[PDB]
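First comes the structure, then the notes that go with it.
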Number of protein chains: 10
Amino acid sequence: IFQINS
Amino acid sequence: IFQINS
Amino acid sequence: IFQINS
Amino acid sequence: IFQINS
Amino acid sequence: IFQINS
Amino acid sequence: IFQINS
Amino acid sequence: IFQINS
Amino acid sequence: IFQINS
Amino acid sequence: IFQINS
Amino acid sequence: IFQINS
């Protein structure tokens with residue numbers, strides 16, 4: 001599980 | 001579990 | 001579990 | 001468990 | 001458990 | 001510039 | 001400039 | 001400049 | 001400049 | 001300048 005908000 | 005908000 | 005807010 | 005707010 | 005607020 | 005290796 | 005190796 | 005090796 | 005090795 | 005080795 002790998003999650004990014006940018 | 002890897003989570004980033006930027 | 002690795003979590004960052006930036 | 002590794003947590004950072006910056 | 002490693003926690004930082006900066 | 002946004003770069004990811006996974 | 002945002003860079004991640006995972 | 002934001003850089004992470006994981 | 002924000003740098004992390006983990 | 002914010003630097004962490006873990």
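Residue numbers start at 1 in each chain; chains themselves are named A, B, ... in the order of the structure tokens; ligands are numbered from 1 in the order shown.
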
Neighbour list for residue 3 (chain A) as an MDAnalysis selection string, cut-off 9 Å, only C-alpha atoms, skip fewer than 6 positions in-chain: chainID B and resid 1:5

DSSP strand (DSSP E or B) residues within chain A, as a PyMOL selection string: chain A and resi 2-5
